[PDB]
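Chain by chain, the residues run as shown.
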Amino acid sequence: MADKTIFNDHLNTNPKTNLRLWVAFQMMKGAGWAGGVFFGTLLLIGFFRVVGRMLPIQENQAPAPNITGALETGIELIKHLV
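The residue numbers you see begin from 1 on each chain and track the sequence as written, which may not match the entry, and residues missing coordinates are not shown. To obtain the side-chain values, all non-hydrogen atoms of the structure were used and water was disregarded.

Method of determination, as annotated in the archive: solution NMR.

Here it is, written out as structure tokens:
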């Protein structure tokens, strides 16, 4: 709640500046830089990693022949019924 300059106040609550600027470094500095660098990578890896952990499985193009889309058919073998 207290920022620099006026932070002199006996009241601590200094995160107002430290956090606010850190939050500013990612939104303002992390938006133009990390935005394209970071997101460009996360989309490259997060999208590349998902294209292999949820495609070679579903992309197979099959209703319920080889499997059942996710994991398997409605089976309560785990004993998690109701």
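Draft legend 1. Local environment of the overall build of the protein chain. Each helix and strand counted, the protein chain has three helices and zero strands in total. Taking 12 Å as the expected radius of gyration for a compact globule of 82 residues, we find that the protein chain reaches 24 Å, considerably beyond that expectation. Along the longest, intermediate and shortest principal axes, the C-alpha atoms of the protein chain span 70 × 35 × 15 Å. The buried share of the protein chain, taken over its 82 residues, is 5%. The Shrake-Rupley method, run with a 1.4 Å probe sphere, supplies the accessible areas, and residue values consider only the shown protein chains as cover. Accessible surface, the protein chain: about 7300 Å² in total, of which carbon and sulfur atoms supply 69%. Placing the 7 positive and 5 negative side-chain charges of the protein chain at their respective mean positions leaves the two points 9 Å apart. Labels follow the DSSP assignment, with helices taken as runs of H or I lasting at least four residues and strands as runs of E lasting at least two, numbered in each case from the N terminus. Taken over C-alpha atoms, the radius of gyration is set against a globule rule of 2.2 Å times the number of residues to the power 0.38. Each residue is placed in one exposure class: buried if its accessible area under a 1.4 Å probe, protein chains only, is under 20% of its type's maximum, exposed if it is over 50%, and partly exposed if it falls in between. The charged-residue count follows a simple rule in which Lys and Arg add positive charge and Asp and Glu add negative charge, with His and chain termini not counted at all. The location of each charge is read from NZ of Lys, CZ of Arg, CG of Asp or CD of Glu.

Draft legend 2. Representation of the packing of aromatic side chains in the model. When the centres of two rings from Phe, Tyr and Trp lie within 6.5 Å, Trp using its six-membered ring, the rings pair. Their planes under 30 degrees apart give stacked, over 60 give edge-to-face, and anything left gives tilted. Applying the stated criterion to the full structure yields one aromatic pair. Summarising the aromatic geometry, the rings of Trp22 and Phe25 are spaced 5.8 Å apart at their centres and angled 15° between planes, so their arrangement reads as stacked. With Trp22 and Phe25 both in helix 1 (residues 15–27), this residue pair falls three residues apart, about one helical turn. Overall, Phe25 belongs to the partly exposed group, its relative accessible area being 35%.

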